[PDB]
Amino acid sequence: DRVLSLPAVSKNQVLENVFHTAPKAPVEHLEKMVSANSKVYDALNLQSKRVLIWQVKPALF
Amino acid sequence: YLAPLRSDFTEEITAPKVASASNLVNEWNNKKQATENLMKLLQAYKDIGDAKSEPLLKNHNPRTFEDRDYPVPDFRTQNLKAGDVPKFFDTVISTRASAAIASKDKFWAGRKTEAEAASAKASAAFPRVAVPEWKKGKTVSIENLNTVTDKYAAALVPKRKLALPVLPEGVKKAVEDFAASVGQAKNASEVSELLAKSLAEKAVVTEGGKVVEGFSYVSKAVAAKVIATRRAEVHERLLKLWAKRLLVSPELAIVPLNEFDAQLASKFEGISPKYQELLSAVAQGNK
Amino acid sequence: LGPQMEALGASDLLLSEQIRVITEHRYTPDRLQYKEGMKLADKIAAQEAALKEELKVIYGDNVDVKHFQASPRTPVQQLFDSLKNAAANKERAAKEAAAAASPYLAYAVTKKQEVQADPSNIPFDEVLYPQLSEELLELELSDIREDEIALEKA
């Protein structure tokens, strides 16, 4: 019964409790927010190619 | 943008059907308050763990919460037969591991209660998420989007970093040129490389932008060499242990290591006779 | 002893494969510790897949992931690995900023590569969290110490 004097938990259970959730990368926030603000730029900048200012405010001619 | 063409008339003069509020500002404000309560909760967790001066990995390690001084059940008492001892061992290991995991869960429940108590009594000033400034009828300037991306990229810089020195092109060509000036033209590669590597070996650690002094860290390479050295010496102890027993009695090699627990029983007369007569018959020797 | 004639890390097979073969030798499939060793081998194989993904950028597709699992890289070695690919990173960032639809996306690409190109911006866990790296090391050393305590008891 030498095995019963060993730590009973596991190396596997220790790895699943110490690393319970996969950590969030720091570049993930930059990538998500830059791909959203790309849509913000495309919609709401006057130098955009698909600016929404001619759709929401039709120009007077 | 396409719409169906209804082409029907309205024959009744009724008031228009005003739809109700359809709460999204309330639900998104509840989501924002839930996110900030979670941020306050994580801050309270960090504050309690910093006040107790406790290790980070210790409370998530379930082996911390194992008893290790618990009276272990003797398998010779528990009346098991020949194939039964490994399942008894697995049952004892299971209950000890699950007791350690449940003790960790009880600790984290108490820590959650104390952290929510400290989290309620904390006024929160967190920096907001950097979004581009957009007024109601106005447009969004490219300069503001670039400063918002600058904030996102300033978040990419680590808070404490190794000032890993890249040798600049002017400094490299100056020392490379000096090597040519001495006249050893073909080892200029190695002299500029060894200047870069000698600056890299004593790489310094920065607080934020300023330098922390008296900072010593253990690299992952150094820690892995420590682990490999300790692992090799314990494996050497294991080889010496089995070398002694196989020098005294080599017949132990006819019973495989995984099958051994499947032979045992609580009493000696109940031990499985699959290997007994073969073991005693090999123990006489080669004649 | 079989596969236990060599140490856990020191072999030609990868650490997930070595843990798999050692666990197959030490226990029978009905055992608890067989199942726990197989799950541990799966976690180590996940770590090896992640290390292969981060090393495929620098050393190509046919990278010896066993070599860098057995000997993790120096901060100095990570410096020179970043300096080896720096010109290709700069040129690829320039052509990506040329290929970008928005000039906003072009600024984002060049700013992201300007931050990534500095090897001082490499997030070393031992520098950011020294005590946490200490405790990861003492976790592995505590497992090895438990096995040594068993050998001392024997």
# chains A, B, ... in the order shown; residues from 1 in each chain; ligands from 1
$ interface_residues --of "chain C" --to "chain B" --cutoff "7 Å" --atoms "only C-alpha atoms" --output "mmCIF file with C-alpha atoms, in the first residue's frame"
data_model
loop_
_atom_site.group_PDB
_atom_site.id
_atom_site.type_symbol
_atom_site.label_atom_id
_atom_site.label_comp_id
_atom_site.auth_asym_id
_atom_site.auth_seq_id
_atom_site.Cartn_x
_atom_site.Cartn_y
_atom_site.Cartn_z
ATOM 1 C CA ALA C 7 13.519 9.548 -17.267
ATOM 2 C CA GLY C 9 11.553 14.183 -19.979
ATOM 3 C CA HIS C 25 3.421 0.190 -18.635
ATOM 4 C CA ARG C 26 2.743 1.100 -15.001
ATOM 5 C CA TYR C 27 -1.006 0.468 -14.806
ATOM 6 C CA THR C 28 -3.688 -1.645 -16.410
ATOM 7 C CA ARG C 31 -6.966 1.405 -12.866
ATOM 8 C CA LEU C 32 -7.710 4.948 -11.740
ATOM 9 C CA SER C 71 14.758 22.936 -23.460
ATOM 10 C CA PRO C 72 12.471 26.006 -23.453
ATOM 11 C CA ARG C 73 13.946 29.091 -25.051
ATOM 12 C CA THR C 74 16.041 31.750 -23.365
ATOM 13 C CA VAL C 76 17.976 35.931 -25.398
ATOM 14 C CA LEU C 79 15.207 38.029 -28.814
ATOM 15 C CA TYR C 104 -7.796 53.373 -40.391
ATOM 16 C CA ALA C 108 -4.037 49.733 -37.089
ATOM 17 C CA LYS C 112 0.080 46.587 -34.184
ATOM 18 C CA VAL C 115 4.177 47.123 -30.910
ATOM 19 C CA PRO C 119 11.183 42.297 -28.463
ATOM 20 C CA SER C 120 10.929 44.313 -25.253
ATOM 21 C CA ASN C 121 7.151 43.892 -25.664
ATOM 22 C CA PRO C 123 5.241 39.159 -22.385
ATOM 23 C CA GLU C 126 8.574 35.201 -15.116
ATOM 24 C CA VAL C 127 9.072 38.967 -15.320
ATOM 25 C CA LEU C 128 5.391 39.906 -15.083
ATOM 26 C CA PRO C 130 7.832 36.138 -10.546
ATOM 27 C CA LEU C 132 3.678 32.641 -10.035
ATOM 28 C CA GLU C 135 5.040 28.327 -7.812
ATOM 29 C CA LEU C 137 8.339 25.405 -10.693
ATOM 30 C CA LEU C 141 9.281 19.901 -8.070
ATOM 31 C CA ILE C 144 9.133 14.887 -8.171
ATOM 32 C CA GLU C 148 11.526 10.739 -4.124
ATOM 33 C CA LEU C 151 11.786 5.913 -2.945
#
$ interface_residues --of "chain C" --to "chain A" --cutoff "9 Å" --atoms "only C-alpha atoms" --output "PDB file with C-alpha atoms, in the first residue's frame"
ATOM      1  CA  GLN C  33      -4.154   6.091 -12.346  1.00  0.00           C
ATOM      2  CA  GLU C  36      -5.544  10.006 -14.804  1.00  0.00           C
ATOM      3  CA  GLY C  37      -2.278   9.466 -16.674  1.00  0.00           C
ATOM      4  CA  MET C  38      -4.081   9.341 -20.013  1.00  0.00           C
ATOM      5  CA  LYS C  39      -5.904  12.595 -19.227  1.00  0.00           C
ATOM      6  CA  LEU C  40      -2.571  14.104 -18.158  1.00  0.00           C
ATOM      7  CA  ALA C  41      -1.076  12.950 -21.469  1.00  0.00           C
ATOM      8  CA  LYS C  43      -3.221  17.941 -21.402  1.00  0.00           C
ATOM      9  CA  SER C 102      -9.410  51.746 -44.833  1.00  0.00           C
ATOM     10  CA  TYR C 104      -7.796  53.373 -40.391  1.00  0.00           C
ATOM     11  CA  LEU C 105      -7.047  49.674 -40.889  1.00  0.00           C
ATOM     12  CA  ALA C 108      -4.037  49.733 -37.089  1.00  0.00           C
ATOM     13  CA  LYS C 112       0.080  46.587 -34.184  1.00  0.00           C
ATOM     14  CA  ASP C 143       5.510  16.031  -7.762  1.00  0.00           C
ATOM     15  CA  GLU C 146       6.668  13.022  -3.659  1.00  0.00           C
ATOM     16  CA  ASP C 147       8.154  10.304  -5.862  1.00  0.00           C
ATOM     17  CA  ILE C 149       9.836  10.433  -0.711  1.00  0.00           C
ATOM     18  CA  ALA C 150       8.328   7.133  -1.881  1.00  0.00           C
ATOM     19  CA  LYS C 153      10.462   5.070   2.239  1.00  0.00           C
ATOM     20  CA  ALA C 154      11.180   1.938   0.212  1.00  0.00           C
TER      21      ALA C 154
END
$ closest_residue --among "A:44, A:25, A:33, A:53" --to "chain B" --atoms "only C-alpha atoms"
A:44
$ residues_around --residues "stretch 111-120 of chain B" --least-positions-apart "5" --cutoff "10 Å" --atoms "only C-alpha atoms" --output "ChimeraX atom specification"
/B:37-49,105-106
$ atom_distance --atom1 "atom CA of residue C:21" --atom2 "atom CA of residue A:4"
22.8 Å
